[PDB]
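Colleague: So that you have it, the file is upload_35.txt, and it contains compact mmCIF, C-alpha atoms and all ligand atoms:
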# COMPACT_ATOMS: atom_id res chain seq x y z
CA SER A 1 -38.76 -3.23 -34.42
CA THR A 2 -38.55 -6.45 -32.36
CA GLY A 3 -39.90 -7.81 -29.04
CA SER A 4 -38.50 -10.46 -26.65
CA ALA A 5 -40.27 -11.82 -23.57
CA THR A 6 -39.53 -14.65 -21.12
CA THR A 7 -42.27 -17.26 -20.60
CA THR A 8 -42.40 -19.31 -17.40
CA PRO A 9 -44.30 -22.53 -16.55
CA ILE A 10 -47.11 -21.91 -13.99
CA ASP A 11 -46.39 -25.18 -12.12
CA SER A 12 -44.07 -28.22 -11.79
CA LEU A 13 -45.93 -30.04 -14.63
CA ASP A 14 -45.71 -27.31 -17.33
CA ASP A 15 -49.56 -27.22 -17.43
CA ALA A 16 -49.40 -23.69 -18.94
CA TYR A 17 -46.87 -20.86 -19.63
CA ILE A 18 -47.31 -17.20 -18.52
CA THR A 19 -45.56 -14.20 -20.16
CA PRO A 20 -45.70 -10.66 -18.69
CA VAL A 21 -47.58 -8.12 -20.83
CA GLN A 22 -47.81 -4.34 -20.25
CA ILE A 23 -51.29 -2.87 -20.82
CA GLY A 24 -52.30 0.81 -20.54
CA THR A 25 -50.61 4.14 -19.56
CA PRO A 26 -49.08 3.94 -16.99
CA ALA A 27 -48.27 0.26 -17.57
CA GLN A 28 -50.34 -2.40 -15.78
CA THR A 29 -48.43 -5.72 -15.96
CA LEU A 30 -50.52 -8.88 -16.33
CA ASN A 31 -49.29 -12.47 -16.84
CA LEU A 32 -50.96 -13.82 -19.93
CA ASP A 33 -51.08 -17.29 -21.46
CA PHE A 34 -49.92 -16.92 -25.09
CA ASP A 35 -52.23 -19.05 -27.18
CA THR A 36 -51.58 -19.89 -30.86
CA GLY A 37 -54.98 -21.80 -30.86
CA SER A 38 -57.15 -18.67 -30.31
CA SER A 39 -57.41 -15.04 -31.50
CA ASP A 40 -58.75 -13.05 -28.56
CA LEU A 41 -56.69 -10.95 -26.14
CA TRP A 42 -58.87 -11.14 -23.02
CA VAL A 43 -58.06 -10.14 -19.46
CA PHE A 44 -59.45 -10.33 -15.92
CA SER A 45 -60.63 -6.79 -15.07
CA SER A 46 -62.35 -4.33 -12.67
CA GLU A 47 -65.59 -5.46 -14.50
CA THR A 48 -65.20 -9.20 -13.71
CA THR A 49 -67.79 -10.70 -11.25
CA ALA A 50 -66.19 -10.33 -7.76
CA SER A 51 -66.97 -13.98 -6.83
CA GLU A 52 -65.31 -15.19 -10.10
CA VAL A 53 -61.90 -13.65 -9.18
CA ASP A 54 -59.45 -15.61 -6.98
CA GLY A 55 -56.02 -13.91 -6.64
CA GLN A 56 -55.61 -12.73 -10.25
CA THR A 57 -54.14 -9.33 -11.14
CA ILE A 58 -56.88 -7.28 -12.87
CA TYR A 59 -56.83 -4.72 -15.68
CA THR A 60 -58.41 -1.42 -14.52
CA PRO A 61 -59.29 0.66 -17.63
CA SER A 62 -60.34 3.66 -15.47
CA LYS A 63 -56.65 4.03 -14.38
CA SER A 64 -55.33 4.09 -18.00
CA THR A 65 -55.12 7.43 -19.88
CA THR A 66 -55.01 5.63 -23.27
CA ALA A 67 -58.02 3.29 -22.64
CA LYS A 68 -61.21 3.91 -24.74
CA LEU A 69 -64.46 1.90 -24.60
CA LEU A 70 -65.13 0.25 -27.98
CA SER A 71 -68.78 1.34 -27.90
CA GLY A 72 -71.25 -1.46 -28.61
CA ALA A 73 -68.68 -4.23 -29.08
CA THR A 74 -69.03 -7.52 -27.15
CA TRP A 75 -67.23 -10.92 -27.20
CA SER A 76 -67.99 -14.48 -26.20
CA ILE A 77 -65.55 -17.37 -26.46
CA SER A 78 -65.73 -21.08 -25.60
CA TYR A 79 -62.63 -23.29 -25.50
CA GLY A 80 -62.18 -26.95 -26.52
CA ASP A 81 -61.69 -28.03 -22.88
CA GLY A 82 -65.09 -26.52 -21.92
CA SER A 83 -63.91 -23.24 -20.32
CA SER A 84 -65.50 -19.92 -21.39
CA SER A 85 -65.54 -16.13 -20.89
CA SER A 86 -67.29 -12.98 -22.20
CA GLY A 87 -67.67 -9.23 -21.61
CA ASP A 88 -67.06 -5.86 -23.25
CA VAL A 89 -64.16 -4.43 -25.31
CA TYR A 90 -61.71 -1.58 -24.80
CA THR A 91 -58.83 -0.34 -26.99
CA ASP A 92 -55.54 0.45 -25.24
CA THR A 93 -51.73 0.37 -25.64
CA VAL A 94 -50.24 -3.14 -25.27
CA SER A 95 -46.53 -3.96 -25.03
CA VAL A 96 -44.80 -7.36 -25.12
CA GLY A 97 -41.05 -7.42 -24.43
CA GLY A 98 -40.51 -3.87 -25.61
CA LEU A 99 -42.74 -4.19 -28.74
CA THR A 100 -45.63 -1.70 -28.54
CA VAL A 101 -49.01 -1.69 -30.30
CA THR A 102 -51.41 1.27 -29.89
CA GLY A 103 -55.19 0.77 -30.26
CA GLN A 104 -55.12 -3.00 -29.50
CA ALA A 105 -58.53 -4.53 -28.70
CA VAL A 106 -58.35 -5.62 -25.04
CA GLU A 107 -61.38 -7.77 -24.21
CA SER A 108 -62.46 -7.09 -20.63
CA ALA A 109 -63.98 -10.19 -19.01
CA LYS A 110 -67.30 -9.51 -17.23
CA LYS A 111 -67.83 -13.29 -16.72
CA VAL A 112 -65.36 -16.24 -16.54
CA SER A 113 -65.88 -20.01 -16.01
CA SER A 114 -64.56 -21.94 -12.93
CA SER A 115 -61.57 -23.23 -14.99
CA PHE A 116 -60.09 -19.69 -15.12
CA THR A 117 -61.20 -18.58 -11.58
CA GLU A 118 -59.29 -21.47 -9.94
CA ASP A 119 -56.11 -20.61 -12.01
CA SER A 120 -54.74 -17.69 -9.87
CA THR A 121 -51.43 -17.44 -11.84
CA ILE A 122 -53.11 -16.78 -15.24
CA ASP A 123 -54.50 -13.19 -15.73
CA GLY A 124 -55.77 -13.82 -19.27
CA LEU A 125 -54.92 -15.03 -22.77
CA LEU A 126 -53.11 -13.43 -25.70
CA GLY A 127 -54.39 -15.03 -28.90
CA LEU A 128 -51.92 -15.71 -31.75
CA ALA A 129 -54.00 -17.70 -34.28
CA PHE A 130 -55.38 -15.88 -37.48
CA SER A 131 -57.69 -12.84 -36.83
CA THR A 132 -60.57 -14.61 -38.62
CA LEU A 133 -61.19 -16.55 -35.30
CA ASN A 134 -61.65 -13.35 -33.20
CA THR A 135 -65.02 -13.31 -31.36
CA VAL A 136 -65.66 -9.55 -31.18
CA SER A 137 -68.96 -8.49 -32.76
CA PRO A 138 -70.26 -6.65 -34.72
CA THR A 139 -66.71 -5.57 -35.76
CA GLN A 140 -64.05 -8.34 -35.78
CA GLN A 141 -60.75 -7.28 -34.15
CA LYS A 142 -57.12 -8.03 -34.98
CA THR A 143 -54.65 -10.05 -32.93
CA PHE A 144 -51.52 -8.48 -31.31
CA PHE A 145 -49.40 -10.21 -33.98
CA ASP A 146 -51.61 -8.85 -36.80
CA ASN A 147 -51.44 -5.29 -35.43
CA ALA A 148 -47.64 -5.46 -34.89
CA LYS A 149 -46.87 -6.93 -38.40
CA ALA A 150 -46.28 -3.56 -40.12
CA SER A 151 -43.67 -2.49 -37.56
CA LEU A 152 -41.87 -5.86 -37.23
CA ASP A 153 -38.49 -6.33 -38.97
CA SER A 154 -39.72 -9.75 -40.15
CA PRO A 155 -43.43 -10.87 -39.90
CA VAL A 156 -42.55 -13.82 -37.62
CA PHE A 157 -42.72 -14.88 -34.01
CA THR A 158 -40.92 -17.77 -32.37
CA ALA A 159 -41.79 -20.04 -29.46
CA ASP A 160 -38.95 -21.64 -27.54
CA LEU A 161 -40.71 -23.32 -24.60
CA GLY A 162 -38.69 -24.88 -21.80
CA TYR A 163 -39.09 -28.29 -20.15
CA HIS A 164 -39.64 -27.44 -16.40
CA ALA A 165 -37.80 -24.17 -17.10
CA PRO A 166 -38.30 -20.64 -18.53
CA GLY A 167 -38.39 -20.06 -22.27
CA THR A 168 -38.76 -17.23 -24.77
CA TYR A 169 -41.29 -15.69 -27.16
CA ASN A 170 -39.53 -13.50 -29.77
CA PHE A 171 -41.31 -11.18 -32.20
CA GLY A 172 -39.81 -9.89 -35.45
CA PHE A 173 -36.59 -11.88 -35.53
CA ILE A 174 -35.17 -15.41 -35.50
CA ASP A 175 -32.47 -16.00 -32.87
CA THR A 176 -29.83 -18.12 -34.69
CA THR A 177 -28.29 -19.17 -31.35
CA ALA A 178 -31.50 -20.76 -29.93
CA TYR A 179 -31.41 -23.87 -32.16
CA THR A 180 -29.08 -26.51 -33.64
CA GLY A 181 -28.88 -27.46 -37.35
CA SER A 182 -31.33 -26.07 -39.88
CA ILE A 183 -34.95 -24.98 -39.61
CA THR A 184 -37.36 -27.11 -41.69
CA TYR A 185 -40.29 -25.10 -42.99
CA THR A 186 -43.74 -26.66 -43.81
CA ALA A 187 -46.91 -25.22 -45.42
CA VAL A 188 -49.76 -23.83 -43.31
CA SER A 189 -53.44 -23.91 -44.21
CA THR A 190 -55.37 -20.95 -42.71
CA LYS A 191 -58.83 -22.29 -43.82
CA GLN A 192 -59.99 -22.96 -40.27
CA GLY A 193 -58.09 -19.92 -38.84
CA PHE A 194 -55.44 -22.07 -37.06
CA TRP A 195 -51.70 -22.65 -37.66
CA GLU A 196 -52.67 -25.96 -39.39
CA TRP A 197 -50.02 -28.16 -40.90
CA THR A 198 -49.24 -31.76 -41.96
CA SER A 199 -46.78 -33.95 -40.15
CA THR A 200 -45.12 -36.60 -42.30
CA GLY A 201 -45.29 -39.45 -39.79
CA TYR A 202 -44.04 -40.86 -36.52
CA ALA A 203 -42.00 -43.37 -34.49
CA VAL A 204 -42.25 -44.85 -30.95
CA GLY A 205 -38.92 -45.11 -29.09
CA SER A 206 -36.27 -46.66 -31.35
CA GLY A 207 -38.89 -48.30 -33.65
CA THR A 208 -39.20 -47.79 -37.42
CA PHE A 209 -40.63 -44.53 -38.81
CA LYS A 210 -44.17 -44.87 -40.16
CA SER A 211 -44.68 -42.40 -43.03
CA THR A 212 -48.26 -41.19 -42.75
CA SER A 213 -49.98 -37.82 -43.04
CA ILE A 214 -51.22 -36.32 -39.79
CA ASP A 215 -53.00 -33.01 -40.14
CA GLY A 216 -52.88 -31.02 -36.92
CA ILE A 217 -52.57 -27.60 -35.33
CA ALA A 218 -49.54 -25.94 -33.63
CA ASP A 219 -51.19 -24.92 -30.33
CA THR A 220 -49.14 -23.28 -27.53
CA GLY A 221 -52.36 -22.95 -25.48
CA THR A 222 -52.96 -26.71 -25.20
CA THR A 223 -50.87 -28.65 -22.70
CA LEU A 224 -50.92 -32.14 -24.25
CA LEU A 225 -50.28 -33.86 -27.59
CA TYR A 226 -53.63 -35.11 -29.10
CA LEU A 227 -53.20 -37.55 -32.01
CA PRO A 228 -55.37 -40.18 -33.88
CA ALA A 229 -56.41 -43.27 -31.90
CA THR A 230 -54.22 -45.59 -34.06
CA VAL A 231 -51.04 -43.60 -33.24
CA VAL A 232 -51.82 -43.20 -29.51
CA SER A 233 -52.63 -46.92 -29.08
CA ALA A 234 -49.32 -47.83 -30.86
CA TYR A 235 -47.44 -45.55 -28.39
CA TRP A 236 -49.14 -46.86 -25.21
CA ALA A 237 -48.85 -50.53 -26.32
CA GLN A 238 -45.08 -50.14 -25.61
CA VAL A 239 -45.62 -49.13 -21.93
CA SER A 240 -46.16 -52.10 -19.58
CA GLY A 241 -49.35 -51.70 -17.57
CA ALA A 242 -50.61 -48.66 -19.57
CA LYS A 243 -54.36 -48.42 -20.30
CA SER A 244 -57.09 -46.00 -21.29
CA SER A 245 -59.14 -45.21 -18.14
CA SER A 246 -62.81 -44.07 -18.30
CA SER A 247 -62.59 -42.76 -14.69
CA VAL A 248 -59.66 -40.52 -15.63
CA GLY A 249 -60.70 -39.76 -19.22
CA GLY A 250 -57.43 -40.79 -20.91
CA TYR A 251 -54.40 -43.13 -20.91
CA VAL A 252 -52.72 -43.82 -17.56
CA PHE A 253 -49.55 -45.80 -16.79
CA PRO A 254 -47.74 -47.15 -13.71
CA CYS A 255 -45.66 -44.33 -12.14
CA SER A 256 -42.69 -46.81 -11.97
CA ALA A 257 -42.59 -47.37 -15.79
CA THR A 258 -40.05 -45.65 -18.05
CA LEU A 259 -41.57 -43.95 -21.11
CA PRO A 260 -40.21 -44.30 -24.66
CA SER A 261 -39.54 -41.19 -26.74
CA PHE A 262 -42.00 -40.15 -29.50
CA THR A 263 -40.79 -38.81 -32.81
CA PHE A 264 -42.90 -36.73 -35.24
CA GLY A 265 -42.02 -35.83 -38.85
CA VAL A 266 -41.67 -32.34 -40.28
CA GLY A 267 -41.11 -32.78 -44.04
CA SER A 268 -37.88 -34.81 -44.22
CA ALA A 269 -36.75 -33.81 -40.67
CA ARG A 270 -37.54 -35.57 -37.33
CA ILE A 271 -38.44 -33.97 -33.99
CA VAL A 272 -37.83 -36.30 -31.03
CA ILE A 273 -39.90 -35.79 -27.86
CA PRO A 274 -38.06 -37.42 -24.92
CA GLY A 275 -40.01 -39.92 -22.80
CA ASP A 276 -39.71 -37.68 -19.68
CA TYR A 277 -41.75 -34.90 -21.39
CA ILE A 278 -44.72 -37.37 -21.72
CA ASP A 279 -44.93 -37.94 -17.93
CA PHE A 280 -47.67 -35.78 -16.33
CA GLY A 281 -47.26 -37.30 -12.83
CA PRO A 282 -49.75 -38.96 -10.46
CA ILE A 283 -53.44 -38.69 -11.30
CA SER A 284 -53.96 -37.83 -7.56
CA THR A 285 -51.63 -37.11 -4.61
CA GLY A 286 -49.95 -40.32 -3.51
CA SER A 287 -51.38 -42.40 -6.39
CA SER A 288 -49.16 -44.90 -8.19
CA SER A 289 -50.96 -44.25 -11.54
CA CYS A 290 -49.49 -41.53 -13.76
CA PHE A 291 -51.21 -39.48 -16.46
CA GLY A 292 -49.91 -39.62 -20.04
CA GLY A 293 -48.94 -36.60 -22.13
CA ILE A 294 -50.04 -38.26 -25.43
CA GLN A 295 -53.83 -38.63 -25.65
CA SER A 296 -56.37 -39.48 -28.37
CA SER A 297 -57.90 -36.69 -30.46
CA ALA A 298 -60.98 -38.89 -31.34
CA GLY A 299 -63.33 -37.04 -28.96
CA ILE A 300 -62.06 -33.56 -30.02
CA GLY A 301 -62.19 -33.77 -33.84
CA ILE A 302 -58.79 -32.21 -34.52
CA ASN A 303 -55.19 -33.29 -33.86
CA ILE A 304 -53.30 -30.89 -31.56
CA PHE A 305 -49.51 -30.43 -31.35
CA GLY A 306 -49.57 -28.84 -27.90
CA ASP A 307 -46.83 -27.89 -25.42
CA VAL A 308 -45.59 -31.53 -25.05
CA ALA A 309 -44.55 -31.47 -28.74
CA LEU A 310 -43.64 -27.78 -29.20
CA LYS A 311 -41.31 -27.61 -26.15
CA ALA A 312 -39.05 -30.26 -27.83
CA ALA A 313 -38.42 -27.80 -30.77
CA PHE A 314 -37.55 -24.13 -31.67
CA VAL A 315 -40.78 -23.14 -33.46
CA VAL A 316 -41.11 -20.38 -36.10
CA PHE A 317 -44.56 -18.95 -36.79
CA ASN A 318 -44.00 -17.20 -40.15
CA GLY A 319 -46.88 -14.80 -40.78
CA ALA A 320 -45.75 -13.75 -44.28
CA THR A 321 -48.47 -13.55 -47.09
CA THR A 322 -47.94 -17.27 -47.64
CA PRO A 323 -47.66 -18.52 -44.02
CA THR A 324 -45.33 -21.35 -42.93
CA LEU A 325 -44.24 -23.16 -39.73
CA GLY A 326 -40.55 -23.67 -39.00
CA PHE A 327 -39.18 -26.42 -36.79
CA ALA A 328 -35.66 -26.94 -35.51
CA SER A 329 -34.03 -29.21 -32.92
CA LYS A 330 -32.58 -27.47 -29.82
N1 LIG A 401 -56.67 -23.17 -24.88
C1 LIG A 401 -57.12 -22.00 -24.15
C2 LIG A 401 -57.01 -22.24 -22.65
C3 LIG A 401 -55.92 -21.74 -21.97
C4 LIG A 401 -55.81 -21.95 -20.61
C5 LIG A 401 -56.77 -22.65 -19.93
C6 LIG A 401 -56.59 -22.86 -18.43
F1 LIG A 401 -55.38 -23.47 -18.21
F2 LIG A 401 -56.58 -21.64 -17.82
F3 LIG A 401 -57.60 -23.64 -17.93
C7 LIG A 401 -57.88 -23.15 -20.61
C8 LIG A 401 -58.00 -22.94 -21.97
Kindly transcribe the structure held in the file into structure tokens.
Ligand SMILES: NCc1ccc(C(F)(F)F)cc1
Modeller:
Amino acid sequence: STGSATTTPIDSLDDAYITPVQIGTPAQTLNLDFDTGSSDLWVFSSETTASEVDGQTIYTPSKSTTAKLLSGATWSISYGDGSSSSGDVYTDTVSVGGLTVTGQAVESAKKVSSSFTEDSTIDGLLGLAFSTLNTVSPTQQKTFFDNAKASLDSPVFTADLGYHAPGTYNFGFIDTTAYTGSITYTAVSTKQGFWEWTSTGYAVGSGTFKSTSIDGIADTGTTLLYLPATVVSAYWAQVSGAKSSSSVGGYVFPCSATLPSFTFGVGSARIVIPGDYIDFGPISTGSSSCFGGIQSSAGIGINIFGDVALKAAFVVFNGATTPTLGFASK
């Protein structure tokens, strides 16, 4: 079997992407943020603290005939940005774009941080990293991708994110019409539980390609591109007036400047990110200072190929016994 679902940006800046997911019997549709950087499927629910809910659609397990409490199981997760959530666990039927999994662990959020509460368009997350990162205790639970693997025609999923436009998440098949040229595959290390890979280098605008190894993770759940300080400083040195701001907590640039493209290497292939994708708009309403989409990973400890990078390519997440990442221009 296969699954195909449309993903839509939550705002004019592509800060996040939401994809509709059907949970329970009868179906309860929630808009979840598909995250290849985490492994928990957690939702806002009838059990979430009333004051911590602001306009989100909630999962009500009492209204689902297929919902069962996973007795004793709890979860607690903390994200790199600082956000966090926790609660109890249910098992229920979950469907994404026609692809159905029975007995999927659905983590019901009893408590959520302010970061999620203020985000009315996002009803939860659907984790797509390796199941070894799942936070359910005492019994670790599988991801939606892990549980669907046996029924999929091919153990793959693809991300085709749009720039200020809808995109697609496909499960079980590779759409040969969604990309141009060939797909370049690269090895994945699952040691830390992430889709971790090594880029072969980079270029700024029409400058020369610097062959250098950059280990990083393919993360659909992170908005920006976080790279080593050396690389980020070489990019921002080409933008007149750009500077790292302590007030803002990152590189800012004059809203009137034009941004060069950024190229990253995938084996022998090149993925070009257009300058426009690196513009995150004014730091505040009416400000003339704009926020950059390429930031330093020095304070985080890991390089992250987030939405900025991924939306410039057709990305294949190959979950075969020896996992790989596929990249193609589109
Ligand atoms: N990487 C996980 C993640 C996803 C979304 C959010 C947001 F946007 F809701 F704040 C925070 C953290």
Colleague: Per residue of chain A within 12 Å of ligand LIG 401 (chain A), record the nearest atom pair and its distance in Å to one decimal, counting all atoms listed in the file, with rows in chain order and ascending residue number, as CSV.
Modeller:
residue,atom,partner,partner_atom,distance
A:9,CA,A:LIG401,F1,11.2
A:10,CA,A:LIG401,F1,9.4
A:11,CA,A:LIG401,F1,11.0
A:14,CA,A:LIG401,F1,10.4
A:15,CA,A:LIG401,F1,7.0
A:16,CA,A:LIG401,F1,6.0
A:17,CA,A:LIG401,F1,9.0
A:18,CA,A:LIG401,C4,10.0
A:31,CA,A:LIG401,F2,11.8
A:32,CA,A:LIG401,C4,9.5
A:33,CA,A:LIG401,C3,6.6
A:34,CA,A:LIG401,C3,8.3
A:35,CA,A:LIG401,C1,6.5
A:36,CA,A:LIG401,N1,8.5
A:37,CA,A:LIG401,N1,6.4
A:38,CA,A:LIG401,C1,7.0
A:39,CA,A:LIG401,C1,10.1
A:40,CA,A:LIG401,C1,10.1
A:41,CA,A:LIG401,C1,11.2
A:42,CA,A:LIG401,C3,11.1
A:43,CA,A:LIG401,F2,11.7
A:44,CA,A:LIG401,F2,11.8
A:56,CA,A:LIG401,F2,11.7
A:77,CA,A:LIG401,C1,9.9
A:78,CA,A:LIG401,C8,8.7
A:79,CA,A:LIG401,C1,5.8
A:80,CA,A:LIG401,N1,6.9
A:81,CA,A:LIG401,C8,6.4
A:82,CA,A:LIG401,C8,7.9
A:83,CA,A:LIG401,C7,6.0
A:84,CA,A:LIG401,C8,8.1
A:85,CA,A:LIG401,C8,10.2
A:112,CA,A:LIG401,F2,10.4
A:113,CA,A:LIG401,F3,9.2
A:114,CA,A:LIG401,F3,8.7
A:115,CA,A:LIG401,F3,5.0
A:116,CA,A:LIG401,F2,4.8
A:117,CA,A:LIG401,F2,8.3
A:118,CA,A:LIG401,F2,8.3
A:119,CA,A:LIG401,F2,5.9
A:120,CA,A:LIG401,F2,9.1
A:121,CA,A:LIG401,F2,8.9
A:122,CA,A:LIG401,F2,6.5
A:123,CA,A:LIG401,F2,8.9
A:124,CA,A:LIG401,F2,8.0
A:125,CA,A:LIG401,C3,6.8
A:126,CA,A:LIG401,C3,9.5
A:127,CA,A:LIG401,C1,8.9
A:128,CA,A:LIG401,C1,11.2
A:129,CA,A:LIG401,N1,11.2
A:218,CA,A:LIG401,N1,11.6
A:219,CA,A:LIG401,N1,7.9
A:220,CA,A:LIG401,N1,8.0
A:221,CA,A:LIG401,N1,4.4
A:222,CA,A:LIG401,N1,5.1
A:223,CA,A:LIG401,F1,8.2
A:224,CA,A:LIG401,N1,10.7
A:304,CA,A:LIG401,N1,10.8
A:306,CA,A:LIG401,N1,9.6
A:307,CA,A:LIG401,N1,10.9
Colleague: Using only C-alpha atoms, which of the listed residues (A:187, A:320, A:328, A:255) sits closest to residue 150 (chain A)?
Modeller: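 Answer, going by the shortest atom-to-atom distance: A:320.
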Colleague: Pick the closest to residue 215 (chain A) from A:171, A:235, A:291, A:305: which is it, counting all atoms listed in the file?
Modeller: A:305
Colleague: Residues near residue 228 (chain A), anyone? I mean within 7 Å using all atoms listed in the file, not counting same-chain ones fewer than 6 positions away, as number ranges by chain.
Modeller: A: 296-298, 303
Colleague: Mind dumping the selected residues with C-alpha atoms as a JSON list (two decimals), keeping the file's coordinate frame?
Modeller:
[["chain", "number", "residue", "atom", "x", "y", "z"],
["A", 296, "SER", "CA", -56.37, -39.48, -28.37],
["A", 297, "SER", "CA", -57.90, -36.69, -30.46],
["A", 298, "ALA", "CA", -60.98, -38.89, -31.34],
["A", 303, "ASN", "CA", -55.19, -33.29, -33.86]]
Colleague: Neighbouring residues of residue 206 (chain A) were defined as those with any atom within 9 Å, considering only C-alpha atoms; residues of the same chain fewer than 3 positions away were excluded. Please report them as a list in words.
Modeller: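 Neighbouring residues, sequence-local ones excluded: residues 203, 209, 260, 261 and 262 of chain A.
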